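Backbone-built Cβ (ideal geometry, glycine too); neighbour counts: all protein chains shown. All of the numbers you see were taken from the coordinates with simple rules; none came from a lab.
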Amino acid sequence: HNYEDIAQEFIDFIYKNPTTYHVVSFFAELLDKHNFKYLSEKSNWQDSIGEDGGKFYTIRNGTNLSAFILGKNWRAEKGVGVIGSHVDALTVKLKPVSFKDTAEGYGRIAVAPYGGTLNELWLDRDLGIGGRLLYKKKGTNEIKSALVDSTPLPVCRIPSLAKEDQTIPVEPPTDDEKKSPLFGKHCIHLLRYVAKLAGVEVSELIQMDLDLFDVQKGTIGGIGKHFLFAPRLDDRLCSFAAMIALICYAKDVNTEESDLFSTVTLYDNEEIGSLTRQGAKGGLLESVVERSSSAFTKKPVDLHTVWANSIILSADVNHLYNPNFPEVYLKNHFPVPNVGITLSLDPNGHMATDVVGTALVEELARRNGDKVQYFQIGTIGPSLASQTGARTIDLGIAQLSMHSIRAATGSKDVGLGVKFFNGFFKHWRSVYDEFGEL
Amino acid sequence: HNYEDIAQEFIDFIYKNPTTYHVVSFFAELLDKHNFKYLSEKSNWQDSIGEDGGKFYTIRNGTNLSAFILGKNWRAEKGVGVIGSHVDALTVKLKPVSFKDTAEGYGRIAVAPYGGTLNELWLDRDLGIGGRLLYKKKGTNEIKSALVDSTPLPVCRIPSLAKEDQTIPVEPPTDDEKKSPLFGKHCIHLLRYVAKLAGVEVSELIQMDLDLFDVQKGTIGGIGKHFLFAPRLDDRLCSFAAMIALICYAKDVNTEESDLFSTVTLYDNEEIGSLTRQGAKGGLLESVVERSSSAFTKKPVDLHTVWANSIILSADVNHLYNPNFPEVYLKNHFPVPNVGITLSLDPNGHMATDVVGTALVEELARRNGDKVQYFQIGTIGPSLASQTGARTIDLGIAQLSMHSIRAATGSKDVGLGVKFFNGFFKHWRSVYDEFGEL
Amino acid sequence: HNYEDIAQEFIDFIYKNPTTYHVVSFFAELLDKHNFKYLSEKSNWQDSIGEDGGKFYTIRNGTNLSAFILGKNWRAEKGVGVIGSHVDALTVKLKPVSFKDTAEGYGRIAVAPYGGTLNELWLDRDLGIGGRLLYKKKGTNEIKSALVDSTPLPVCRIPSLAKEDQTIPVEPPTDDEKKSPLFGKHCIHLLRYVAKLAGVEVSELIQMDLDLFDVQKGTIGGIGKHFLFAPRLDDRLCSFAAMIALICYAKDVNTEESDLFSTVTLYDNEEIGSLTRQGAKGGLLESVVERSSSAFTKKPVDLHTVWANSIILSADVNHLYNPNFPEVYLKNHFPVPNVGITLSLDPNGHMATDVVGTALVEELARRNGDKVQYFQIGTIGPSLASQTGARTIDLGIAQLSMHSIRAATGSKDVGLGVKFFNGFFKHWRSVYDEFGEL
């Protein structure tokens, strides 16, 4: 009510955090200012998690984040309430050696598509450069990370004609600059430019993982302002909604009076099939849960009983009804904007032969005043379901023109998404109890 | 000998138990009247399994069942004797919203194929409706399950012309009926009909997972009665044979005088690639074994040693020689009916480079008086083998016209299958001992 | 009213009488227990038909039957009320030499499709064997006929792969057995099997004309039981309805108080184009009428005047609206189930330019309380019309999936068909009188 924007907050979030690194870093800052404590995955957690439980988060690779709330009174039979989503998006990436010699004076860079064989939709769009630099300051032996972002400067673009065709229109090297490990691999100007943004010298740059992304800020749109146009909606839209839902929920939770175990886990490499250590199949969720339950109590914890009592919402976007292409959609099985969360059903696929998860989500929405929509036609749901043995439901916030460089969704859909996910954390355990043995 | 029918018992079993729900439920009743004890997967088993071991079974989702016999004197070095098979079959499923408005007075329903893009073989067949309903009785807060089956009434059929073409030819709503969660999603008549079968009100129906299946009862066939014609043979044929084998074997087992760990595990979603929590990759088998060995003894159990000493028969059907298509078959590598179990060999595939499993099965058959046949050309064998590290052999009972709505096999093949599997449980440990380190 | 089953009687009739031989034999038994007298076509009828007229039937080839009621007071100007239909159906036939040598131990038989190049619809269906055997008992010189039927035993099936491809999966010869004329032509087991069914020796078998047919019994179907699923509906459905109509009508007829000449004639070989001596072009109808009118009175009978005053209903099935394929059907010219008889209209074809027959059928239905449906898009109507000169109307009971091995129609359609045809015999003469010269 007037606070369904929130859509502006989302638009600012996509605009200010273009790469996966930025998104994870942004959530890290948001979590710890809500008193979630960072745990290194490289250290054992026995002495970091106690009888009281608490609020925590861990990070793998700077692109895979898990945030969790563990109750003082949690036990195996309570299970875990999980929302799983992905934070990688389709982009163009600077190649390891991005160096191209001039084409009639034009400066260019070797780049590769990430997550697809990219569209004509990427042509004639203003593209910023940004992501992660690795560097070693002089007279040190620590390799540190810096985040870099050219916004609002579009440093390049893939021109249409009015890795041969899709290429990009973008003084002498100092002795020190030649000492850099990246000297031959990237043109000196680009290196000088990223070095400037990070606040380090060119000679100190070890490596980089840079994207090219649309710098056009998102907008509320439509004559009645029913829509939201923005880049990278898949699946930063569900990720944002789930994380904000968890943090709003965490507000009213003293972990000492809780018997729940709740988590939002955000994965990398969904666009690539998820079979990486930062992806859904790398098992960060399962790692978090086993570690937490191990560190938390002296008693042994039966993980099979934990997962048998758990519910995983595998949150990934569905397709809005495109009124221009009615034939691809199935009648009575397509979502519309500004209504509510969409349940992905597929006759083949992991949720066929599981009517219970569908029923549970319907009951939740009923209790919380939400609406649910249907959509029948390396996704993380099947991976997580089979990896844990826990009942998993595929759903999400529907959008138009998915895997476009600029997608569309309802202007109320971020808020409705946060609302549904907030309701899930509050009620899933109670609602799942009445299915009993099922 | 006269008791190789058993084929009638099988025919009655397929006829009376059309969906996966019915099949699992049927086995649950058979097991517990043979004194197997049900364990909830949602409860820890420490205090349900003791020093004596025992006979048990557990169920996941109503479609994934594991039955096991744990010996009082079992130890890691004995391993597990496993038969793994699947109970899902190709069917048509009622869509989540099955509602179609009338086509010139004809009533119809939206349905989807499960496990394939379905055949012309499904045209002009009498189709019953059946499966699982979820319901909540009035003034309650328990969601219960009921099984429903229209047999012998064919409620519908997919007509040939003498999800556009393959669709199906099948008073006013009470206020109470409109109160049902499924009111808009399925036509009132269908809801009234399934409600009647379950013995509940329409208003009490929460959700349903219904199939459409062939109601034509199986028959012994051929002029010399050499064949068995029936629906859903893949892989309810191996599942039946393996379960009956285990139960016949269990008869002569006092668990107090046993040092063996035996199981038949039945999976869902093999036709869909097995990557679901109810499928082979959901790890019910491994869950059962870890839980049992944990609960059973105070000593710690090395699971790697258990699997290194185990044998898994991954039981799935092979192809009978179709004399009409000799060229697709490979000479000296095709099974015939009424001879015995068929070993699936594949030069690429998980049993290439493992001659030991083949040798073991041959030795077993030799000892038990069985015959073995060969067949070289998300299967569960590779999944289970890699998931456990245990030596796994793909084999099964061969059939004709697999993935037809009505398949064929030997009339003696159910009995021979039970015979072979019964021999396996009796002798595998002894036979595998002489391979020693291999 | 409660007696619109009648659908069960029809289902039992198709089930118990699989071949044309069985169907004709069945009608022969029904007719003569309703006091119709058999006339041999090989004997002159002068002294078998008298001044009183009577109820009669004759048979050609065991597959072509004519039943008629001749009134004592009949005259040329009264004409004949004719229903013409066919009793042959699409089947597979055993070839004259059905012998195939074993294919890896499998027994097989050479067969040919009758009436089409047969469907994938014939694959994986349980097939019985049955039809006519000719035999000569030992020390005799009479060649007799026996009917044979394996129902409910499916002796074979045409397998799908999971006259090359469509072929069929099915001790030493006695000296006497080698003496049979069919010894080399059919495998000894099949011959022994059919000999057993007939109650004769193998050595006594002269010849056989055997079909392979679906042994699946028909069912009432649909959630509201609106449908009838059964094999061989075309055109045993109209044949049954017409014959039962005649017999119900014959009940209230003393031939001594009648001035009508009524007949139902059932033809063979409609699926083959009708140009056989047992088909519509073999002229059994015309033969019956000329013979009867010759034998019946001493006065000469003008046959041209008889036919000029006659009405022939050429009863053959039309197509039900298949809601899955709306585009093949013509709006306002397609029948629905459980409504009534369907009039076949075709802008090209023999009923174009004859509006009078259509009008007469409409008037009949009006008088008898029937409903009439339309269907615009070697048929017997054109043959009979041109052969007699008599006004002929094409109509019938509509069905789905015609020329499938299992077709569908209304559950009320047999009864409505009998009702319409019964009304026709009662009123055609009276209704046709008001068209006068037309």
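Got a number for residues in region C:297-319 being assigned to a loop (DSSP other than H, G, I, E, B), in contact with a helix residue (DSSP H, G or I) (Cβ under 8 Å, 6 or more places away or on another chain) and surrounded by fewer than 18 Cβ atoms within 10 Å (Cβ to Cβ)? Before the answer, list the steps.
Of region C:297-319, the ones assigned to a loop (DSSP other than H, G, I, E, B) are C:297-302, C:309-310, C:316-318.
Still in the running and in contact with a helix residue (DSSP H, G or I) (Cβ under 8 Å, 6 or more places away or on another chain): C:301-302, C:309-310, C:316-317.
Next cut, surrounded by fewer than 18 Cβ atoms within 10 Å (Cβ to Cβ) only: C:301-302.
Result for region C:297-319: 2.
Just to be sure before I move on: is residue C:332 part of a loop (DSSP other than H, G, I, E, B) and within 20 Å of residue C:420 (Cβ to Cβ) in the structure I sent? Break it down stepwise before answering.
Values: part of a loop (DSSP other than H, G, I, E, B): yes; within 20 Å of residue C:420 (Cβ to Cβ): no.
Spelling it out, it is not the case that residue C:332 is part of a loop (DSSP other than H, G, I, E, B) and within 20 Å of residue C:420 (Cβ to Cβ).
Of the residues in region B:272-289, how many are in a helix (DSSP H, G or I), small (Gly, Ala, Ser) and surrounded by 24 or more Cβ atoms within 10 Å (Cβ to Cβ)?
Pass one, region B:272-289, residues in a helix (DSSP H, G or I): B:280-282, B:284-289.
Now narrow it down to the ones that are small (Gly, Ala, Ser): B:280, B:282, B:287.
Filter once more, so that each one left must be surrounded by 24 or more Cβ atoms within 10 Å (Cβ to Cβ): B:280, B:282.
Of the residues in region B:272-289, 2 are in a helix (DSSP H, G or I), small (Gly, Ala, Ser) and surrounded by 24 or more Cβ atoms within 10 Å (Cβ to Cβ).
Within 14 Å of the chain's Cα centre (by Cα), away from every other protein chain (no Cβ under 11 Å), farther than 12 Å from residue B:82 by Cα and of a type in the set (S, T, N, Q): does that describe residue B:239? Steps first, answer last, please.
Working: within 14 Å of the chain's Cα centre (by Cα): yes; away from every other protein chain (no Cβ under 11 Å): yes; farther than 12 Å from residue B:82 by Cα: yes; of a type in the set (S, T, N, Q): yes.
Against the criterion (within 14 Å of the chain's Cα centre (by Cα), away from every other protein chain (no Cβ under 11 Å), farther than 12 Å from residue B:82 by Cα and of a type in the set (S, T, N, Q)), residue B:239 qualifies.
Go through region B:263-273 and report how many residues are within 24 Å of residue B:425 (Cβ to Cβ) and more than 7 Å from every other protein chain (Cβ to nearest Cβ).
Of all residues in region B:263-273, those within 24 Å of residue B:425 (Cβ to Cβ) come to B:263-268, B:270.
Next, from what is left, pick out any that are more than 7 Å from every other protein chain (Cβ to nearest Cβ): B:263-267, B:270.
Result for region B:263-273: 6.
Can you pull out the residues in region C:32-47 that are in a loop (DSSP other than H, G, I, E, B), under 21 Å from residue C:283 (Cα atoms) and not hydrophobic (A, V, I, L, M, F, W, C)?
Within region C:32-47, C:40, C:41, C:42, C:43, C:44, C:46 qualify.
What is the number of the single condition among (1) assigned to a helix (DSSP H, G or I); (2) surrounded by fewer than 24 Cβ atoms within 10 Å (Cβ to Cβ); (3) not basic (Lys, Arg) that residue A:259 does not meet?
Going through the list (1) assigned to a helix (DSSP H, G or I); (2) surrounded by fewer than 24 Cβ atoms within 10 Å (Cβ to Cβ); (3) not basic (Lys, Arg), residue A:259 breaks only (1).
Which residue pairs have Cβ atoms under 7 Å apart, sit 6 or more places apart or on different chains, and have a first residue in region C:117-129 that is among the acidic types (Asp, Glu) and a second that is part of a strand (DSSP E or B) and crowded, with 19+ Cβ neighbours inside 10 Å?
From residues that are among the acidic types (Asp, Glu), the pairs are C:126/B:219; C:126/B:221; C:126/B:229; C:126/C:214.
Across region B:210-228, which residue is nearest to the other protein chains (Cβ to nearest Cβ) among those that are part of a strand (DSSP E or B) and over 18 Å from the mean Cα position of the chain (by Cα)? So that I can check it myself, show each step before the final result.
Our first condition is that a residue be part of a strand (DSSP E or B); within region B:210-228, this holds for B:210-214, B:219-221, B:227-228.
Add one more test, that the residue is over 18 Å from the mean Cα position of the chain (by Cα), and what stays is B:219-221, B:227-228.
On the way: B:219: 6, B:220: 8, B:221: 4, B:227: 7, B:228: 11 Å.
Result: B:221.
Tell me, which strands (runs of 3 or more DSSP E) lie completely within region B:90-201 with 2 or more residues that are within 14 Å of chain A (Cβ to nearest Cβ) and farther than 28 Å from residue B:406 by Cβ? Outline the logic, then answer.
Values: elements: B:91-103, B:106-114, B:127-135, B:144-149.
Passing ranges, in order: B:91-103, B:127-135, B:144-149.
From the list C:108, C:75, exactly one residue is more than 30 Å from residue C:311 (Cβ to Cβ) and out of contact with any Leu (no Cβ under 8 Å at 6 or more places or on another chain). Which is it? Spell out how you get there, then give the answer.
On the way: C:75 fails: more than 30 Å from residue C:311 (Cβ to Cβ).
The unique qualifying residue is C:108.
Out of curiosity, is residue C:30 buried (at least 17 other Cβ atoms within 10 Å of the Cβ) and within 25 Å of the chain's Cα centre (by Cα)?
no
Count, please, the residues in region B:379-436 that happen to be under 30 Å from residue B:326 (Cβ atoms) and of a type outside the set (A, V, I, L, M, F, W, C).
Taking region B:379-436 first, the residues under 30 Å from residue B:326 (Cβ atoms) are B:379-382, B:393-417, B:419-420.
Checking the rest, the ones that are also of a type outside the set (A, V, I, L, M, F, W, C) come to B:379, B:381-382, B:394, B:396, B:399, B:401, B:403-404, B:406, B:409-413, B:415, B:417, B:419.
Of the residues in that region, 18 qualify.
Out of all the residues in region C:383-411, which are away from every other protein chain (no Cβ under 14 Å) and out of contact with any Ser or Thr (no Cβ under 8 Å at 6 or more places or on another chain)?
Correct list: C:386, C:387, C:389.
Scan region A:327-357 for residues that are of a type outside the set (A, V, I, L, M, F, W, C) and more than 11 Å from chain B (Cβ to nearest Cβ) and jot them down.
Within region A:327-357, the subset of a type outside the set (A, V, I, L, M, F, W, C) is A:327, A:329, A:331-333, A:335, A:337-338, A:340, A:342, A:344, A:346-350, A:353-354, A:357.
Selection gives A:329, A:335, A:337, A:338, A:340, A:342.
Criterion first (closer than 18 Å to residue B:85 by Cα and either of a type in the set (A, V, I, L, M) or more than 10 Å from chain A (Cβ to nearest Cβ) (or both)) does residue B:36 satisfy it?
On the way: closer than 18 Å to residue B:85 by Cα: no; either of a type in the set (A, V, I, L, M) or more than 10 Å from chain A (Cβ to nearest Cβ) (or both): yes.
Judged against the criteria, residue B:36 is not a match.
Among the candidates C:322, C:269, single out the residue that is outside any helix (DSSP H, G or I), surrounded by 19 or more Cβ atoms within 10 Å (Cβ to Cβ) and more than 24 Å from the chain's Cα centre (by Cα). Even if it seems obvious, please write down each step before you answer.
Working: C:269 fails: more than 24 Å from the chain's Cα centre (by Cα).
Sole residue among the options that is outside any helix (DSSP H, G or I), surrounded by 19 or more Cβ atoms within 10 Å (Cβ to Cβ) and more than 24 Å from the chain's Cα centre (by Cα): C:322.
Please tell me if residue A:292 is surrounded by 24 or more Cβ atoms within 10 Å (Cβ to Cβ), assigned to a helix (DSSP H, G or I) and not hydrophobic (A, V, I, L, M, F, W, C). Reasoning before the result, please.
Working: surrounded by 24 or more Cβ atoms within 10 Å (Cβ to Cβ): yes; assigned to a helix (DSSP H, G or I): yes; not hydrophobic (A, V, I, L, M, F, W, C): yes.
Yes; evaluated as a whole, the condition is true for this residue.
For residues that are surrounded by fewer than 19 Cβ atoms within 10 Å (Cβ to Cβ) and in a helix (DSSP H, G or I), tally how many sit in region A:1-21.
Looking only at that region, the number is 5.
Residue under question is residue B:97, and the condition is that it be of a type in the set (A, V, I, L, M) and surrounded by 23 or more Cβ atoms within 10 Å (Cβ to Cβ); does it hold?
Values: of a type in the set (A, V, I, L, M): yes; surrounded by 23 or more Cβ atoms within 10 Å (Cβ to Cβ): no.
Against the criterion (of a type in the set (A, V, I, L, M) and surrounded by 23 or more Cβ atoms within 10 Å (Cβ to Cβ)), residue B:97 does not qualify.
Checking the conditions here, which among A:366, A:391, A:429, A:406 is over 20 Å from residue B:94 (Cβ atoms), under 20 Å from the mean Cα position of the chain (by Cα) and not hydrophobic (A, V, I, L, M, F, W, C)? It would help to see each step written out before you state the result.
On the way: A:366 fails: under 20 Å from the mean Cα position of the chain (by Cα); A:391 fails: under 20 Å from the mean Cα position of the chain (by Cα); A:429 fails: under 20 Å from the mean Cα position of the chain (by Cα).
Checking each option against the conditions leaves just A:406.
Hey, could you check region B:59-87 for residues that are out of contact with any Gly (no Cβ under 7 Å at 6 or more places or on another chain) and assigned to a loop (DSSP other than H, G, I, E, B) and say which is nearest to residue B:285 (Cα to Cα)?
This residue is B:80.
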